[PDB]
Amino acid sequence: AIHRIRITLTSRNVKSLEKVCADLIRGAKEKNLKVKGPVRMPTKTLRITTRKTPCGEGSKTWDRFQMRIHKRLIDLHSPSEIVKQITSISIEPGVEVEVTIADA
Amino acid sequence: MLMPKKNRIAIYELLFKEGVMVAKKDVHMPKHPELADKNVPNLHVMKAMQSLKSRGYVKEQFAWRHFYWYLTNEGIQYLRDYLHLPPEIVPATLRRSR
Amino acid sequence: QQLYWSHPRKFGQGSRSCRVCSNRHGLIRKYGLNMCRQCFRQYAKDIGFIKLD
Amino acid sequence: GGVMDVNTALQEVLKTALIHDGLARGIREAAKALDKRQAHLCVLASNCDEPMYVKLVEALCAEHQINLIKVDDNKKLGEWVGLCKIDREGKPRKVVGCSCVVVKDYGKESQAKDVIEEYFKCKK
Amino acid sequence: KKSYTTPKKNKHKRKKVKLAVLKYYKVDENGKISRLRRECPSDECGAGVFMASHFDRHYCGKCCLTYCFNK
Amino acid sequence: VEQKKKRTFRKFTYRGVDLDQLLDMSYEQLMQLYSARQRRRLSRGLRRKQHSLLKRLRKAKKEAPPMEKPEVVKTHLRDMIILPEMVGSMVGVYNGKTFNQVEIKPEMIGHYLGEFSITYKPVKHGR
RNA sequence: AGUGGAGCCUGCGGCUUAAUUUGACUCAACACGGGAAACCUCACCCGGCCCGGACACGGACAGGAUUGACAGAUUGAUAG
């Protein structure tokens, strides 16, 4: 039977995330699994605020760094192992990809 | 610190066999990583290693308030005699060669 | 002949410090960083934090 | 194996036992070790200051396996166990006695261990 | 500088005179050890240990802090 | 020099419990009644690891006759809340640089030692 | 729109304090040191423990170098 599988992809790097996502989608359908297509989730902006000045005299100067984590999921439905197998191969560095047994 | 030369030999043997030994630095700590001499702040493990170090035999790298002991060639020879175990027993380095 | 040399701390800023030095005031505990701000400035490149705004 | 000499046969066992941690040196440790079955040798001095020391040792030996072999000079007995390097003009812990000592656990096979054990059995 | 200095003598190390240590029991001929002082029955006791006489407290220093006659 | 009807004339309740009843209850039964600051200290503390200090109080109260006050018993703590057991003692209450000596009378019960010792001048500028 | 005027808050000066740790002095010092500090912290001040005197060399010295501790003395601490 078909099994509902959720592929979560998490990263911070648009271009890398995007062309990993590409490869998963394209290779999925190529030897037949569900296509779906990406559910983009809101990018989360982690904001850290610090004093720019060690030892505070002068003027109030503040520095704010952000780090933008990006999340997307894709729900494929098709059979068990050959899903998570054909997907998770052909990638090694720098974009997290999680294949989850979640969803019935 | 203080403590017998039964604790000291235990530490030295573990350094010899692994080829690494580690401690961490805090005075509010209770307990160094890699077994230690067990719920105590910075001391016994560090001091046994420090004594060993003074006479050569181990190279210490410090960074991010942690002590990485890296076993030296001369140290492999010294501990081999001190432990008095057969004259090759393989100290966990030389292993695979590139 | 130690009898006491620690005392329980889990209270205020005095119970934690930077993970490369000992420091107080402005200790980032958010995201499990556990570094003082002054140190964090020099390592802000290495965590992945970046300024654009 | 081997058959060695009788006096050097003791010394090697004393040295091994020290590193193992199992050489009872001086009266308090020697007596405690003797009165327990961990002991399997007792080498006494008989050149002790105030031989009440030796009398107490011999008395202790009677219970919990009797082991007796006598050797001469306190200082030599001390040195044999190891408390000096036998090097340099000084040593910081240099040559001093320990008098009567008791060996708990030989801790090695063959050699001097085998010699002393064999000698002890056919002696007693 | 704060406050803090102290005299010492060995205010900082222990020696307890020079110690008597183990010189007690009574021996008659070869070989027996006949009780002197008091003896302490515990499992953390040795086998030639004593209770220091110090009368109306009688405490085995081989025991950790415990095991005391007050007789 | 100890207990009620003696160094008191303000009397009545401290806080809900009359000094008569107070002095002949134990601290157990005291914290049950009308006591909120004291109650938090005793509950969370749980007999409060000031053990030896408290024993020195009882010791010098005992060895001195009940007709007179103790030989004075110092403490470094000043966060100690006066409990009826203590009362009639004479307590050296540390200020981090001075021990002010304060007899604990029946009017002081439920108050803190620290409030009867000073770290602070009446404040002057040449006044 | 106020601010300066008022109350309080917070930093700063001066005094006072055994201690009021301390950097800074038009701007380019001054609710500024992400500094909203109970003690703890803590630098300051009032006291006390410990050696983390490693290592090498010398001496002492296993007849006991050193470790622990009852009760009593003590002391903030039945902290041997």
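Definitions and cut-offs
Residues numbered from 1 in each chain as written, not as in the entry; some residues may be left out. Chains lettered and ligands numbered in written order. Part of a larger assembly, values for the part shown. Heavy atoms only, no water. UniProt positions renumbered as here; feature names shortened; annotations may be inferred. Pairing = 2+ DSSP bridges. Helix = DSSP H or I, 4+ residues; strand = E, 2+ residues; numbered from the N terminus. Contact = heavy atoms within 4.5 Å. Axes fitted to C-alpha atoms, helices over the stretch in contact; angles between N-to-C directions. Core = buried A, V, L, I, M, F, W, Y, C linked by side-chain atoms within 4.5 Å. Buried < 20%, exposed > 50% of the residue type's maximum accessible area, 1.4 Å probe, protein only. Buried area = accessible area lost by both parts, 1.4 Å probe. Salt bridge = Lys/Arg side-chain N within 4 Å of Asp/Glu carboxyl O.

Per the PDB entry, chain F is named ribosomal protein uS19, and its organism is Oryctolagus cuniculus. The annotation that UniProt attaches to chain F under Function (literature references left out) is "Component of the small ribosomal subunit. The ribosome is a large ribonucleoprotein complex responsible for the synthesis of proteins in the cell." Under Subunit, UniProt gives the following word-for-word description of chain F: "Component of the small ribosomal subunit."

Labelled according to the PDB entry, chain D appears under the name 40S ribosomal protein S12, originating from Oryctolagus cuniculus. Quoted straight from UniProt, the Subunit (literature references left out) entry for chain D says "Part of the small subunit (SSU) processome, composed of more than 70 proteins and the RNA chaperone small nucleolar RNA (snoRNA) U3. Subunit of the 40S ribosomal complex." Among the UniProt annotations of chain D, the heading Sequence similarities holds the following wording: "Belongs to the eukaryotic ribosomal protein eS12 family."

All names here are of chain D. Taking strand neighbours across the sheet as the criterion, the four strands line up as 1-4-2-3 in an open arrangement whose pairing is mixed. In the strand order of this sheet, the two ends are held by strand 1 (23–25) and strand 3 (70–71), each with one partner. Packing of helix 3 (residues 52–62) onto the sheet brings it into contact with strand 2 (39–45) and strand 3, and relative to strand 2 it is tilted by some 160 degrees.

The subject of this paragraph is the nonpolar core. Side chains that are nonpolar tend, in soluble globular proteins, to be buried together. Among the nonpolar cores identified, the biggest contains 46 residues, and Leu-14, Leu-41, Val-43 and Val-57 of chain D are the most heavily contacted of them. The set of elements that each furnish at least two residues to this core consists of helix 1 (8–20), strand 1, helix 2 (27–34), strand 2, helix 3, helix 4 (74–81), strand 4 (101–104) and helix 5 (111–123) of chain D. Counting 23 residues, the second largest nonpolar core, distinct from the first, contains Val-17, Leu-22, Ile-109 and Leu-113 of chain F.

Next up on the list: the interface of chain C and chain A. With 13 residues of chain C at the contact, the number on the chain A side is 17 residues. In total, chain C and chain A occlude about 1500 Å² of area from one another, counting both sides; carbon and sulfur atoms represent 58% of this. For chain C, the biggest contributors to the area lost against chain A are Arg-37, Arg-41 and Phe-49 of chain C; these three give 40% of the whole. Counting every contact that joins chain C to chain A gives three salt bridges. Linking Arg-68 of chain A and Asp-53 of chain C is a salt bridge whose minimum nitrogen-to-oxygen distance equals 3.5 Å. When contributions to the side of chain C that touches chain A are tallied by element, the ones reaching two or more residues are helix 1 (37–40) and helix 2 (44–47) of chain C.

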